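Shown next, in structure tokens, is the structure this report addresses.
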Amino acid sequence: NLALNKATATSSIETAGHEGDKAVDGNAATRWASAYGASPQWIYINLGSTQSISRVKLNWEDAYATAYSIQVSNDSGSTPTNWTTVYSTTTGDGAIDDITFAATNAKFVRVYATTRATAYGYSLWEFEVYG
């Protein structure tokens, strides 16, 4: 029982790739830990197919970042690859941050942080992604 509904990928990680599937719960029941270093840090989660989104909230944990970015994957409708950010500013706050936007269709969500966080590469124990 170690695999999300579709698939997930991160930039940093302790083991040799496996903790990413620990987000199957996407709640406090999960414990994601990115390998310290290797910045900037990023991570995306694949839901399954194109879905409408309104507002998504995620946690940064102890890893305090000066700024973050939330986006998705799409370009040809069926062959997603790149996308345009949905948020970005000086709204760090390691605490859980809820990002709300307009109704948009997307399959997978990707988050990037131009600036690092702390001694720890990246963190994500409370990240909700689904449409």
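For the sequence shown, counting from 1, position 100 maps to 100 in the authors' numbering; every step adds exactly one.
From the three backbone atoms N, C-alpha and C, an ideal C-beta is built for every residue, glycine too.
Check	Outcome
Quick one: is residue 122 buried, meaning 16 or more other Cβ sit within 10 Å of its Cβ, or exposed?	buried
Where do the N-terminal and C-terminal ends of the beta strand (DSSP E) with residue 72 fall, by residue?	69-72
Helix, strand or coil, according to DSSP, for residue 23 in the structure here?	helix
So, with DSSP's three-state summary, where would you put residue 46?	strand
Determine which residues share a DSSP beta bridge with residue 97 and list them.	58
Residue 5: buried (16+ other C-beta within 10 angstroms of its C-beta) or exposed?	exposed
Looking only at C-alpha atoms, which of 124, 110 and 109 sits nearest to residue 94?	124
Residue range of the beta strand (DSSP E) that residue 9 falls in?	7-10
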